[PDB]
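Only one chain is given next, in structure tokens, and it is the form deposited in one PDB entry.
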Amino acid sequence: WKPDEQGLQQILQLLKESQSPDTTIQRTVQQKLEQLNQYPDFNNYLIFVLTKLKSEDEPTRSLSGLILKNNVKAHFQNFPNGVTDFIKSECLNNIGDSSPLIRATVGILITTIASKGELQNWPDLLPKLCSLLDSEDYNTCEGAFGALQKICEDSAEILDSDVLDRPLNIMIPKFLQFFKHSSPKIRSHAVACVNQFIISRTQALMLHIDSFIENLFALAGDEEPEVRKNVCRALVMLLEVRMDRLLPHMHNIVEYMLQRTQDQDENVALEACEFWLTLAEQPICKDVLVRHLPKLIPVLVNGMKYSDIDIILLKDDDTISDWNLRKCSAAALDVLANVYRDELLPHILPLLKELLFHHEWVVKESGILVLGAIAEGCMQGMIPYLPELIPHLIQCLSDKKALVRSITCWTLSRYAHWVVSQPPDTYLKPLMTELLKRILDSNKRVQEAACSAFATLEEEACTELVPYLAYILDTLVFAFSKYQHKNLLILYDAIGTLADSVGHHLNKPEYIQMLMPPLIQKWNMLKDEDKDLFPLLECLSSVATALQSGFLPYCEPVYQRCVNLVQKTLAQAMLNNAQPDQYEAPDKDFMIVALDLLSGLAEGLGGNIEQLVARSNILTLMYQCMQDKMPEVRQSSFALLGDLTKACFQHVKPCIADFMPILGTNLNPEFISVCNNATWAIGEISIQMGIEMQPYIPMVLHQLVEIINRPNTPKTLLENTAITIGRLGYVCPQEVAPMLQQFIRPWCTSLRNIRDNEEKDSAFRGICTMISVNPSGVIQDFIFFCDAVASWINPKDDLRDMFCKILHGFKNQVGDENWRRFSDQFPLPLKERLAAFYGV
């Protein structure tokens, strides 16, 4: 292939035209480029310029390759074999071009053809590059190593599988040799290349571990930053993977690493710091580090100050980096605090005193952070200093620098549990007061901090907020008019938790007047594709639950949208199941919460829900959800079932014929929560169906008896199983009763521990009925029945009579003689219970 004279001038002009320093004129030409991208012959002209037309300036030639790259980035299959083969050959022959810019251009070109046009479609790429490493020209050798590094970074695991032969087995040992190269840049590429294969534990490397670690040490003290960075990086990774071989040198390592953590070069430091985080998460840390703590701690703490940049970059969505020296240091400190517990205080506490009361706010702020970082692990040791620290921090909330207010919000929240364990007036009251003001701070970052802190505080305080409800709500509902979006999400969480914490104490007319309007208002701002959907749901669900019946005027749009979401999800699930590559599998979590919020409205609204239930296909969907592959969906729906049974059985009855079957198959004890809710639904239906339960009784009853007698089964499942057993026997004694002998022993040992409530009364009514039908099935193990009856403190009058009849009838049926002997087994409290309660 050869370029055409005028064809060349076409492109050379086109390029000359995209040099333009004018947005208007430049973007006009970039247009026809796309029409030529079809013409795959165009790419031959494109590469020719870069690599052959040396009578042209570097900027232009570079641009040619930089454009060709993009024709690869989108639509590269469009390339003919003869074209790619030409680019590949031209690239490899110029890899180490005399010019620096061209070399980089050629480089990024190879890189891209390798990843996008996958590795096996370039069979002899690697061995040619490997060979090129040995080239005597530094530029070609370095250029090759550059490319090889990027390959290793891009497609490490591909090179680490048979999908391309086993090319690393030659590469790794070859790289390891270049560790002793005379150029600092080359040494860097070599270690960077290898580092790609530590965690993947690739054999080519792991079987040369000692060889590797050795050159790693040889390079520890290299003056060139990038080499040191990589060495650190290597050692950090080695920690997770080959600790065995690193152990014998551990002390020399931490010594190096400590020195590195304070390196002048930002990057080396942060790489070293990672070491402390990683180390701290190993079981051997406690022993290996102890003697270094005195030097470790101060370095961490010192690293925990905001950098001068960090300061300016603050005093949008997260303006600071996701991860830096400070966050890493604190990360480590936090972890170490959980490792050493109170044993860390000797090294930190002297530092705190000096930091927390400092005139330079940058220093003070880092103090407050430390205080918060160490909170989880060193809690017990901190207790004695809290009576003076907590008030100090409350005072700090009023600091003039916003960045001090914000961490103070955080640090305080980290001690919430102790704060609520004190007399309310002393710490809780003033904290909560000051925290509320902070919520309305004029600085976005502080608002974020303060609202989160308060969310945390509410979880700890619960009913201790009840007296302050009106004051809380005021500032919370006002925040709606101030909070942008990032914070608005935290506000939802603060409101959700509030309701969760105060429970029914929120159910008061004037509170509802404040809260629901701006919530409902934001509910109508939504789409089923809105990012705010899920947080606002969970918020509204917590609120519904607390508000109980009081939620009535607000529930129609919430109810509606939830039933919608369930349909949306089941529909997309169907279409995916049919044609997976064509329709994306839906996110089931929305359905789960929707189901839950429905179960929530059913509990809160009881009777009044019936209207909304009637005018929707909730039960149809419910039916599908009960057959979902994912247990969480089945679990959530069985809860909704029982909830609907209880609330408005009239709309449910038509479906009982279909539900029961599915419920029957879902009695699987392995899926604990599904099994729990299935059981609970059964009992709830039996009560409703009444004597009509008869047909459905024998198809669940066998598994329930197998479950109740099954060992190693959660307390709560057994209890709920026993409750259903009893409940069936109440409405349909004839079917259930004749199995009394089998389930009586565990039934008693289960329910005797549960509080005298409706569920218990319900169940014992069932057991008493079943006895007056099959007295034979209980007389064996009557001692257990006595015990379960002794457990009652406040039985209903009638049930108390039922206990007598049984207790008496099966006493004088064995005589006063045998009874007295039978009564010897009872403890004083029990023997005296039945003696007092039922006339012995």
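From 1 onward, residues are counted along the sequence shown.
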Residue 315-residue 316 interval: deposited residues absent from the model: 10 or more
Should the higher mean CA B-factor in the entry be assigned to 693-701 or to 324-332? 693-701
If you average the CA temperature factors over each stretch, which comes out higher, 712-720 or 267-275? 712-720
When the entry's CA B-factors for 599, 149, 161, 380 are compared, the highest one belongs to 161
Kindly indicate the residue among 338, 426, 442, 582 with the greatest C-alpha B-factor in the PDB record. 582
Would you please rank residue 737 by its C-alpha temperature factor against the other modelled residues of its chain and give the third it falls in: lowest, middle or highest? highest
Residue 430: which third of its chain by C-alpha temperature factor? lowest
For residue 454, does the deposited CA B-factor place it in the lowest, middle or highest third of the chain? lowest
Going by the CA temperature factor in the PDB record, which third of the chain does residue 530 belong to: lowest, middle or highest? highest
Would you please rank residue 94 by its C-alpha temperature factor against the other modelled residues of its chain and give the third it falls in: lowest, middle or highest? middle
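Another form exists, deposited in another entry; not displayed. Remarks below refer to it.
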Treating the motion between the shown form and the other one as two rigid parts, report if residue 477 and residue 90 share a part. yes
